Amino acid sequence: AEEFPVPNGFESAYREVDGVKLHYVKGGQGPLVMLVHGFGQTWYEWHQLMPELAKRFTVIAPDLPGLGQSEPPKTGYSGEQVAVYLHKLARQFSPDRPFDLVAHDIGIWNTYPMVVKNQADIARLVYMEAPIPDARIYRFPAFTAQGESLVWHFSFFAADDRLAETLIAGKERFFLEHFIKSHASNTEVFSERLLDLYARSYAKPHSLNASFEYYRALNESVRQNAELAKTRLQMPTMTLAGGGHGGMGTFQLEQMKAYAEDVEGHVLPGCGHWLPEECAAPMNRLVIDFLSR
């Protein structure tokens, strides 16, 4: 059965890529746009964007390996390894023309390498609410004068001994609610049913582990990206970031400027980290307009 409700006119389906059965939800007609979710979530965070975007594009939203209904990666969880699966998946549906990429949160981590290495395959790029893993992440503070910092979980999740799985097991719903809301400006959008759905999904033991394995591979991703970044991105790029509590603000664009030649950026006041849910209407509009140019 489906973990999340599929919007009318879309199909939930699977493709094997490099021996890994990936789940995705797909609909629309026209050139391909792939939407990639991040931590704590699945394809479903894009469910409000999808029907609108489907009016002009074929839309595909995969579950990251090990998350949602996708199988764990057989290679590893570093960005360069995971990006392979997402690239090949996109190419099954757009073998003959470039496709657009939209990524949120660790979806960025898991797509940047395939973008920079296959630039001819990427027409336009939208990145929102996560740093590309580089040495900038080592400057983020453990603790702040206002208390709990925004990224202390980097260390919690990266820790060995399965620290995170062990503490969070049986308390997935409680932990996820805290994590989402502490990174949100608009908390009201996360209803009990929505949180139930997400918690149920990432609580599958292989998915709870998959979640943290992305973070255990984070330093490897940074090292990979140090080499990859020698080539700047040449395709038109737009960044989005929340300007409210939990958001990344000016960091998103300012980082991307070091990576891309052709970038525009927006900061959305009153919005936190979870842009597609906290601020669906302006986020959708900005993405649709940027891609429809």
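We number the residues from 1 along the sequence you see.
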Higher avg CA temperature factor (275-283 vs 12-20, as deposited) belongs to 12-20
Mean B factor on CA atoms, stretches 40-48 and 255-263, record says higher is 255-263
Listed options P131, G170, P141, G107: highest C-alpha B factor recorded at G170
From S70, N225, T231, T239, the top C-alpha temperature factor is at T231
Here the Cα B-factor of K117, set against its chain, lands in the third termed highest
The third of the chain into which the C-alpha temperature factor of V33 falls is the middle
Entry-reported C-alpha B-factor of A54 relative to its chain, by third, is highest
Chain thirds by Cα B factor, record data; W152 belongs to the middle
Chain thirds by Cα B factor, record data; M235 belongs to the highest
